[PDB]
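Notes to accompany the following structure.
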Amino acid sequence: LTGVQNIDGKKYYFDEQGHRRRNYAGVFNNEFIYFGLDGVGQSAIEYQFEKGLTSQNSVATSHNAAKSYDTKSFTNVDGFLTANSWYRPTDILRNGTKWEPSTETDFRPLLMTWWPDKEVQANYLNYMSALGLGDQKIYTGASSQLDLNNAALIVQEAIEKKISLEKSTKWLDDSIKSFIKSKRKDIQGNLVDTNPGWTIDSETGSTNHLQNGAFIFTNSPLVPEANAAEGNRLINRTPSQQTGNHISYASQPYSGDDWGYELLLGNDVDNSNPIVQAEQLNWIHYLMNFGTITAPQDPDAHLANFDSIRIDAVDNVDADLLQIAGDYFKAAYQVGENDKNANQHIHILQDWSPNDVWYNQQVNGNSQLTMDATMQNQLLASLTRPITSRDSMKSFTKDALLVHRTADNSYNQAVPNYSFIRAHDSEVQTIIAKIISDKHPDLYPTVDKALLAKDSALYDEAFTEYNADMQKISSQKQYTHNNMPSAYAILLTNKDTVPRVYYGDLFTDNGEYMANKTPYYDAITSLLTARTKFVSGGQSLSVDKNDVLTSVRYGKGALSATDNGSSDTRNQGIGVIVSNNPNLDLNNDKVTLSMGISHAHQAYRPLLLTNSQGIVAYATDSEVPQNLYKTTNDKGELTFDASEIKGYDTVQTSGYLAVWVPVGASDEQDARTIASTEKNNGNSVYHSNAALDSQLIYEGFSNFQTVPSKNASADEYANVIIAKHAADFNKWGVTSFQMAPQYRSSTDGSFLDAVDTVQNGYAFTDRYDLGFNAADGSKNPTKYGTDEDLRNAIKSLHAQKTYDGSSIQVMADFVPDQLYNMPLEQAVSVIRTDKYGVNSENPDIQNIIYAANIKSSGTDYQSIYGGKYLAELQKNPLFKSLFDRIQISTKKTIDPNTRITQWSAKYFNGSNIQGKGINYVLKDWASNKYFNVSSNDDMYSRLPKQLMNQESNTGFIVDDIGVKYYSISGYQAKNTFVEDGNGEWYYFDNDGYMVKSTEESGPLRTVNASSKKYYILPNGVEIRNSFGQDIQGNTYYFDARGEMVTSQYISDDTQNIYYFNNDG
Ligand SMILES: OC[C@H]1O[C@H](OC[C@H]2O[C@H](OC[C@H]3O[C@H](OC[C@H]4O[C@H](O)[C@H](O)[C@@H](O)[C@@H]4O)[C@H](O)[C@@H](O)[C@@H]3O)[C@H](O)[C@@H](O)[C@@H]2O)[C@H](O)[C@@H](O)[C@@H]1O
Ligand SMILES: [Ca+2]
């Protein structure tokens, strides 16, 4: 059978293929039929909407009309209304039994007396009915307007009685907010959001962001105060892309890739805005003078200042900031003059992209130290990986390493760098999340998915496993790093690098600060003090035929194996042996430590050695038994037998580790070198040399440190423990103490940093608040301590003095990228995007108005200190070059003339998706304009006419000329689409009349001079997800938006494909 058929008094269409069709329109045997989803024909002549209007004027609309139309009587966001708007009516139905004038505090939720369409009204009624206040009747969007209105009166009676009983409306804010986010069962049987336009479910777009979605803020004439200047909101200005275009600075062996992207986390700060760039400078000046600024009455306030900064998230922010900072330290502390001044202020980059190393060198001029990621990645791959996945030791002599150490024999050649093995983030968090995954596949089956979980009970569980696996032998380490002391032994003996030690190597990553040691503490703290006494001179790496790494330092004064050295050489210069093979069987093969010829016929003793029991550590010459002493031959070589070196499997080593030092060193002996005072002509601020290698960084925190409970004793707080243990860090050779960010944390759980169990300080609302006491004067700390406790930690570290007589530096975590959890809402124009700022191309969310949490309180410490010192600094001659500098990305100078005391949306690139819902800002569907109460401009819609006690009618009205529609608010449809409760779409033209196709002008129609073609029946029904037949017999398809498809193949329900060409 083909064509039109009556099967059981019902019309069906069978195509020319014989297939029964659904969602097909056409003129068949001179009759216009629409085969709906059923596959059943409906008459495309007969109107499908209930004809008629109902007045929204009631006996009660005179009373429930707003007393004042002005902002006073409406809660609002910059004049706009949201679903959580409350308003003051003229009268209150007090206790459900009398109309009384409203007082100044008699506000009620807008949603008690007005809804944006009938379906929301229906759902509200059934929900308030679930709480016992509403009627049993179960009204739907299908039920009549008049019934819904009367039911809202019965609900209102019940609300008012409850309010009179409580003498409070707080319970109603609670219940309406819960209604707005409510879920319900459906026909499918799955839970769905009741009100999708008011939840994250409507915020659909790209998932490529840490928080599953992003907005870019853009300008729009509806919102004057959130609009940025022209040439601001620059995106993705990484060091590689700072100019506007990617630039590889890398040469033949090395990569010049960029892994950056602007929108990382939170609310994204526009660091391309010159006023923001000035406020970033002001914040650095505040940190570098924190003591003198916060405790002016303390005579020692000048000892409680920070000395250096680490730049955080370098790949995510405008790279102009690196120059701004590098200028400040030249202006303030003359770091450009010589190594002596440079090395007193050691800054570091979190520069993960391979190109950044070379950007830093060529453009940056080394104002901050790059990380050696090639060293980190190689130490991990060759030793820490379990046996299956492990690289050969021979990889340490490869070409792709940043600093070749096989033949390093000179100063001022290597790129100045810091190298490390682990970070608060790097190689800690990922391991925990994998444990969560391997224990709970039901919640997070893929490893990446496990990262994101915030449950306190999930971390506690994952950590008892993590801690237990760290105690296991290397062959049974399922998650923890193997060979950790072997890695630290290479790192701490290497030349031309500033090593950084992670807190969580020495201590447990979780629990009380400094309270529990790792299995590695003895090995690593031995190496740290030994570095101070022996590690100096040139270096060489080798690997013998058995893959045994031998790293040698020749001692101060000697730069190669054939160098005779100075008087300092003899008792300096360590040698290290590492194997990564648990079954190493040397047999007849010999391992050789070739110390220098400067070290011929010389007694050596062990610092570290591997047993089956673990690693033995000898702290002095006299702790070594005399048979373990070994003397070098005439060439300066030590030789080892299978009786000494074999494969091991302990907690601390897969393979072998040994460290040998020359006998007879004094206790006065320090291997470190004083910084040069000679003037530096070079582009770089730092130089890789003996004085710089004398430095060492200690990352003094972990994410998963337990957070001192509300009534914690004074000595749980980490900054107090730091002050106690100040001498221990100096003993370890620490010259730069990298503290945690000290900023008051968010507790909201938008991210892992924002979790109340681990409030690390990277998630903050008020950058200037380092734990100042509360308003009442009660002590109110951060995770680490009060402002007092911080100032005292800084003084204790400053009181410690290193080998050159200078203080131990204290480093601030400089975090310019984002702000979290801002208190006030602002209207903003948004586009849905991914993390790169690429338009996710959602039609519904293009330049729409959103109520974003994006405005600071204006009573915070930002409001006190923000831009405060820019007036002072501009007047200082030393800072002239900073303020006159043309920045790379902006091509303008910094703008210190405006102060930022309240953050506003105009200073942000964008934000993560906040889950308010697209239609959270309220809007009349007929006029398609937003409500605004602060303005009577024509771009905004006036209040719904009922609320201003005017005549108001809603529904469809047939007329001698055509069909008009009025919304629930009482306004006429003009130049919009309108969905009926039946599910059908219609369109209304400029004249305010429904578009209907005619015999003379067929169903395929452009409507809005938009070049977009739709299919409209004689009903006025605009068909969607459907096929449309022409009078000529041509067939077109119309997508989910109703738009005609062109040059494209459409797939069908039954897997049938039709490919429609351009225009037809
Ligand atoms: O202030 C916000 C945060 O600041 C710090 O973190 C900043 C950086 O966070 C991430 O970097 C961590 C990540 O870096 C490397 O990831 C390697 C990946 O590189 C590519 O994409 C590659 O193609 C991938 O295969 C590979 O996985 C490290 O090796 C890894 O260990 C680290 O986890 C961002 O990605 C960076 O762009 C940011 O600059 C601070 O640590 C955070 O806690 C703060 O919240
Ligand atoms: Ca940014």
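Labels used: A, B, ... for chains in the order of the structure tokens, numbers from 1 for residues in each chain, and numbers from 1 for ligands as shown.
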key: Contacts with ligand 1 at most 8 Å, only C-alpha atoms and all ligand atoms counted, listed as a PyMOL selection string   = chain A and resi 259-261+264-265+312-316+350-353+373+377+423-427+429-430+753+762-763+815-818
Interface rows for chain A against ligand 2: nearest pair, Å to one decimal, 6 Å, only C-alpha atoms and all ligand atoms, as a tab-separated table:
residue	atom	partner	partner_atom_place_in_ligand_line	distance
A:262	CA	ligand 2	1 (Ca)	4.5
A:263	CA	ligand 2	1 (Ca)	5.5
A:268	CA	ligand 2	1 (Ca)	5.1
A:269	CA	ligand 2	1 (Ca)	5.5
A:316	CA	ligand 2	1 (Ca)	4.7
A:317	CA	ligand 2	1 (Ca)	4.1
A:817	CA	ligand 2	1 (Ca)	4.5
request  = Any chance you could list, as a list in words, the residues in segment 58-275 of chain A that come up strand (DSSP E) when DSSP is run on the backbone?
outcome  =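 Matching residues for strand (DSSP E) in segment 58-275 of chain A are residues 86, 87, 91, 92, 93, 94, 98, 99, 100, 101, 108, 109, 183, 184, 192, 193, 214, 215, 216, 217, 218, 267, 268 and 269 of chain A.
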key: Contacts of residue 102 of chain A within 10 Å, only C-alpha atoms, excl. fewer than 5 positions in-chain, as a PyMOL selection string   = chain A and resi 63+66-67+88-94+107
Could you build a table of the residues in segment 575-627 of chain A lying no more than 12 Å from segment 383-391 of chain A, giving for each the nearest pair of atoms and their separation in Å rounded to one decimal place, using only C-alpha atoms, ordered by chain and ascending residue number, as CSV?
residue,atom,partner,partner_atom,distance
A:578,CA,A:383,CA,9.4
A:579,CA,A:383,CA,8.7
A:580,CA,A:383,CA,5.9
A:581,CA,A:387,CA,8.0
A:582,CA,A:387,CA,8.6
A:583,CA,A:387,CA,10.9
key: Atom-to-atom span, atom CA of residue 266 of chain A and atom CA of residue 742 of chain A, Å   =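 Computing it gives 18.0 Å between the two atoms.
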ask   = For residue 858 of chain A, which residue among A:626, A:901, A:297, A:889 is the nearest when counting only C-alpha atoms?
value =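 Answer, going by the shortest atom-to-atom distance: A:901.
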List every residue of segment 136-166 of chain A that has an atom at most 12 Å from any atom of segment 976-994 of chain A, and for each one report the closest atom pair and its distance in Å to one decimal, counting only C-alpha atoms, with rows sorted by chain and then by increasing residue number, as JSON lines.
{"residue": "A:140", "atom": "CA", "partner": "A:981", "partner_atom": "CA", "distance": 9.5}
{"residue": "A:141", "atom": "CA", "partner": "A:981", "partner_atom": "CA", "distance": 5.9}
{"residue": "A:142", "atom": "CA", "partner": "A:981", "partner_atom": "CA", "distance": 6.0}
{"residue": "A:143", "atom": "CA", "partner": "A:981", "partner_atom": "CA", "distance": 9.1}
{"residue": "A:144", "atom": "CA", "partner": "A:981", "partner_atom": "CA", "distance": 10.1}
{"residue": "A:145", "atom": "CA", "partner": "A:981", "partner_atom": "CA", "distance": 10.8}
message = Between A:181, A:500, A:832, A:964, which residue has the minimum interatomic distance to residue 995 of chain A, considering only C-alpha atoms?
response = A:964
ask   = Which residue, A:1019, A:113, A:1011, A:928, has the smallest gap to residue 33 of chain A when you use only C-alpha atoms?
value =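 Closest to residue 33 of chain A of all the choices is A:1019.
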key: Every residue of segment 599-704 of chain A that DSSP places in helix (DSSP H, G or I), as a PyMOL selection string   = chain A and resi 599+621-623+626-628+690-693
